[PDB]
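Since the structure comes first, as structure tokens, the remarks are kept for the end.
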Amino acid sequence: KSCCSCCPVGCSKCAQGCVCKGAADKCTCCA
Ligand SMILES: [Cd+2]
Ligand SMILES: [Cd+2]
Ligand SMILES: [Cd+2]
Ligand SMILES: [Cd+2]
């Protein structure tokens with residue numbers, strides 16, 4: 001496993017440190 005339930009586990013911005021403020025349903029930062 002990695003950090004979020006909104007992104008697919010293997011992301012390009014969340015790879016070493018998390019950027020998301022909502023965290024467990026939907027985000028406006030990884031589009
Ligand atoms: Cd996320
Ligand atoms: Cd992400
Ligand atoms: Cd994350
Ligand atoms: Cd995000």
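Counting begins at 1 with the first residue displayed.
Structure method, as recorded: solution NMR.
Every residue, even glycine, has its Cβ placed from backbone N, Cα and C.
As recorded in Swiss-Prot:
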- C3, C4, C14, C18: divalent metal cation 4 binding site (BINDING)
- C4, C6, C7, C20: divalent metal cation 5 binding site (BINDING)
- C7, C11, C14, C30: divalent metal cation 6 binding site (BINDING)
- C20, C27, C29, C30: divalent metal cation 7 binding site (BINDING)
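Mapped onto this structure are the features recorded in Swiss-Prot.
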residue : record                               : Cβ within 10 Å
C3      : divalent metal cation 4 binding site : 12
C4      : divalent metal cation 4 binding site : 17
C6      : divalent metal cation 5 binding site : 14
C7      : divalent metal cation 5 binding site : 18
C11     : divalent metal cation 6 binding site : 16
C14     : divalent metal cation 4 binding site : 19
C18     : divalent metal cation 4 binding site : 12
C20     : divalent metal cation 5 binding site : 18
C27     : divalent metal cation 7 binding site : 16
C30     : divalent metal cation 6 binding site : 14
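Here the candidates are the binding-site residues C14, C18, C27. The one whose C-alpha lies nearest to that of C6 (divalent metal cation 5 binding site) is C27. Only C4, of the binding-site residues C4, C6, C29, place a Cβ under 6 Å from an atom of ligand 3. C4 (divalent metal cation 4 binding site) is 12 Å away from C30 (divalent metal cation 6 binding site) when you measure Cα to Cα.
A Cβ within 8 Å of the Cβ centre of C3, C4, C14, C18, the residues given for divalent metal cation 4, is found for these other residues of the same chain: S2, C7, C11, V19, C20, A23. Distance noted between the C-alpha atoms of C27 (divalent metal cation 7 binding site) and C7 (divalent metal cation 5 binding site) is 9 Å. The residues near the divalent metal cation 5 site, meaning same-chain residues not in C4, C6, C7, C20 whose C-beta sits within 8 angstroms of the mean position of the site's C-beta atoms, are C3, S5, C11, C14, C18, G22, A23, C27, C30, in sequence order.
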